[PDB]
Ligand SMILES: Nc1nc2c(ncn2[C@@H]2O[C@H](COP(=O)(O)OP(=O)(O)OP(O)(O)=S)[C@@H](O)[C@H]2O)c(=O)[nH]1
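One chain is shown next in structure tokens, namely the form solved without this ligand.
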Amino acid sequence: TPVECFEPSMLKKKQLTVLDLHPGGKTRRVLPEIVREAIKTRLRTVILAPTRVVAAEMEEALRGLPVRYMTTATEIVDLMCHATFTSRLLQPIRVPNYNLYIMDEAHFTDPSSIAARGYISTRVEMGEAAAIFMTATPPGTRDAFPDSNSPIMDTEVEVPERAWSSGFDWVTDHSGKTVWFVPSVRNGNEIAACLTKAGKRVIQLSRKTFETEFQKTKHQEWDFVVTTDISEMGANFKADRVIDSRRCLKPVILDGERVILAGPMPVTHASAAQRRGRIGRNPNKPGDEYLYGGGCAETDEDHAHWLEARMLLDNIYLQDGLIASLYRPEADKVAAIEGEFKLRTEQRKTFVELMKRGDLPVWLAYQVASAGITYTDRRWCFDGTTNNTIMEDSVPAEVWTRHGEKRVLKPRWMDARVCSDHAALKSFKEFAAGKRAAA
């Protein structure tokens, strides 16, 4: 069961604590308290932030303490993102044996975060570490309307799911700042364009743009942020209203053979609570409003992220021949057998390269690597079934390859995430051509 405040006994090996977060001070006060006690007791500590934005915030709150920010993959506390940590676990050189792991926004359901929680909770169960998972919505939360620092006015209302030509005056007649959660980048593009046509200033946030676009919320005028679920991970906005579609997309592996994006479908209770949790933060500012369009539903056993986390953990060294388990509250989300995704050395390197350098989803990188294909061999992007033809502007997408041939994009394994929005398709087309954008 989660806990309300930190105590030094939580730093002893074998302890795993879920600590609640009500900002409005985890970053500025609680985190320094934990780090100071860890330094005083001479622990080997790592702090895991969900995003680089949050990591930079922590770096500021911890200045004056010996903390090493590690932006890419007992005297010094290490700080890095969840994904950076998991990337390090996959590298051939062994990660430090931290004996204290502090994971902020520990509800994050992306595969690298799930994998990090499994690795960490396994180290704790082995008696090698303590861990603190900081989140207001641990796995299994069923309350979409938790009590908050200031009361929130919760109103169920019809929320536009597409651009509107009339109606919905309540959306645009508000004079404050609104965070609008959408199920996908493409849906956000359409909503954002409609708001901009109405004269609103809109900033759009997604996983690929977050680390550079989020800063715009502090430096330019804005009326709406239109964001995917990425803003459920500690994103702080000066807003008085949240509009919540209550929808998400779900990547689903159909028959072990392809990945579709199912939905839009209802969000989890934790996601709804985190979306609503962008407001209600200041006890001296009442009147924040959460407007929501439908219900919640708990994640089925078919969400690809937990299977992808097992693909990662099956390829992460732990201790001799052991493989880490998922964190127990999340372990029933898969039926995969421990070790069924373990790859041999050379295929494992290719798997990591396809994710890190190719920017491919975990599942897709696994298919390619397990087929024995090397990282630079892109023939599989073009030799699939015509059912896998990728479309661009209603016609088949075509790529000029490194080898000087024009080919229809038709990958042997189809993962809908590679073409779900313009930027995703652009990156995958570059990969298929043997090229890579400077990033």
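One-based numbering along the sequence shown.
From this point on, the text means the form solved in complex with this ligand, which you will not see here.
Practice item. Kindly check, after superposition on the C-alphas around the site, whether this ligand taken in the entry with it bound would be blocked here (3 or more of its atoms within 2.4 Å of a backbone or C-beta atom) or open? Key: Blocked: when this ligand is placed as it sits in the entry with it bound, 3 or more of its atoms come within 2.4 Å of backbone or C-beta atoms.
**Study point:** Of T71, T209, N189, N236, the one that lies within 4.5 Å of this ligand in the entry with it bound (heavy atoms)
**Key:** When this ligand is considered in the entry with it bound, the option within 4.5 Å is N236.
Practice item. Just give me the single entry in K26, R52, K410, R378 that has a non-hydrogen atom within 4.5 angstroms of this ligand in the entry with it bound. Key: By the 4.5 Å heavy-atom cutoff, the listed residue in contact is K26.
Practice item. Mark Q215 yes when one of its heavy atoms lies within 4.5 Å of a heavy atom of this ligand in the entry with it bound, and no otherwise. Key: Output for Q215 is no: heavy atoms all beyond 4.5 Å of this ligand.
Practice item. Would you please decide whether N149 lies within 4.5 angstroms of this ligand in the entry with it bound, comparing each non-hydrogen atom pair? Key: Yes, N149 sits close enough to this ligand in the entry with it bound that at least one of its heavy atoms falls within 4.5 Å.
Check your understanding: Taking 4.5 angstroms as the cut-off for heavy atoms, does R281 touch this ligand in the entry with it bound?
Key -> Residue-level check for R281: yes, a contact with this ligand.
Check your understanding: Which among 39-47, 26-34, 63-71, 399-407 is in contact with this ligand in the entry with it bound, heavy atoms within 4.5 angstroms?
Key -> In short, 26-34.
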